[PDB]
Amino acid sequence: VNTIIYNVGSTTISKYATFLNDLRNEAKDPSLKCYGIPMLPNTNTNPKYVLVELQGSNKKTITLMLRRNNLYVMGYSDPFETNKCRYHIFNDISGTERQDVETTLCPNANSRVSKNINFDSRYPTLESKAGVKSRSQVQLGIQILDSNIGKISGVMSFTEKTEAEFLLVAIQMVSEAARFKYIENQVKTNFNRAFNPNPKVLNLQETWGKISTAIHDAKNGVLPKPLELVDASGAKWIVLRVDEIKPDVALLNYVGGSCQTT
């Protein structure tokens, strides 16, 4: 498994771009692509994971473990106490995958410790733990991510709110930013400040699977049926072609079957 290292304590937008660029290049299937957009790989493809080491300020680091097939965060780890590696697996991880999060995050079986994420990765759960009806109320931003890392990295006890807040922010600035060019650009336009995720960034996150299927199944560039998304103002946004949603998409969820590759 490879790890993409990103210095959150000291960056520029070009470094952010390079980061996502490296995570996409690593996550994507070396050949799967529909309409010129890279597609994630089939679950049987190896490696099945990719790590993202987030280096905050004050020597506070957190490593994220992502599944390559759908870019989902399965858990995270942080340097703890002396030679310890504290892994936190999402509660929606099951079977062998739970051993995979533990061993892939903390290879040294001798010094690794467990600290379970007692809830799933679904936004409504994360939002509920963060104590917000919508993640739109939790601003995203570099300095913010850095600050959330510091509240967890090495700290024995943090609340589910503190934890959910870190997750919400990290999930969107990492995997959601990698999945969508639009989301990356939003972060870069507000690189030096805190910003609330707009209706389009959130909708994109919620309709990624549909968009990916729709584009995979697209005929000549025509979406099987009209896809109803929402723009930045929160207005209805009906897409009929791949050219209309493609600019905002960097990676497509793995969708089984052949497709118009270009």
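Note that residue numbering follows the sequence shown and begins at 1.
Relative to its counterpart among 94-102 and 79-87, 79-87 has the higher mean temperature factor, C-alpha atoms as listed in the PDB entry. In this crystal structure, the stretch out of 217-225 and 54-62 whose C-alpha atoms carry the higher mean B factor is 217-225. Listed residues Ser212, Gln205, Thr45, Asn70 were ranked by CA B-factor as deposited; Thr45 comes out on top. Out of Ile171, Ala164, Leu140, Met156, the entry records its largest CA B-factor for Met156. Split the chain's modelled residues into thirds by C-alpha temperature factor. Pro38 is in the middle one. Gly131: CA B factor in the highest third of modelled residues in this chain (values from the PDB entry). The PDB entry assigns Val113 a C-alpha temperature factor belonging to the highest third of its chain's modelled residues. When the CA B factors of the chain's modelled residues are split into thirds, the value for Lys28 lands in the middle one. Among the modelled residues of its chain, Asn7 has a C-alpha B-factor that falls in the lowest third according to the deposited record.
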